[PDB]
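Coordinate-derived values only; no laboratory data. All Cβ positions, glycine included, derive from the backbone under ideal geometry; neighbour counts span all protein chains shown.
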């Protein structure tokens, strides 16, 4: 064929350290004072963001 | 006096930062300092600082 | 309700709006 694969850039080799908050990473937002995890859930037809209690 | 973290952000072994909030627990008393609401008769508008939970 | 708070958090499908940008500030030095 004659297709060209344009190679964009998303992250450098130096920025891939696991000791850093990297773009695209996945984390949970724990609340220290209330000791609860931030959550978003479907409640009554509309999604709502809240702090779940356990 | 032990300096202890009133906030959950700071834990034992961390370095204190000016402007934060802490708790002062005497070594022997084991009860944090408390600013009671008992006004002193001698001087008006002055409360009392006592070691208690 | 504006309660003491003026705005409340909510989930929005689109992400190209300027209402979804958040800055992170540190708690220590």
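In the protein assembly as shown, one over the average inverse separation of all distinct C-alpha pairs is 21.6 Å, which is the Kirkwood hydrodynamic radius.
Relative to one another, the C-alpha centroids of region B:27-53 and chain C are positioned 41 Å apart. Computed from the alpha carbon positions, the gyration tensor of chain A leads to an equivalent ellipsoid with semi-axes of 37, 21, 6 Å, biggest first. Averaged over the residues of peptide A:43-49, the number of Cβ atoms from other protein chains lying within 10 Å of each residue's Cβ is 2. Sorting B:39-51, B:21-33 by average packing, meaning the other beta carbons within 10 Å per residue, from highest down gives B:21-33, B:39-51. Distance between the pseudo-spin-label points of residue C:12 and residue A:18 (7 Å out from Cα toward the beta carbon): 3.6 nm.
Multiplying each eigenvalue of the alpha-carbon gyration tensor of chain B by 5 and taking the square root yields semi-axes of 27, 13, 8 Å, largest first, rounded to whole angstroms.
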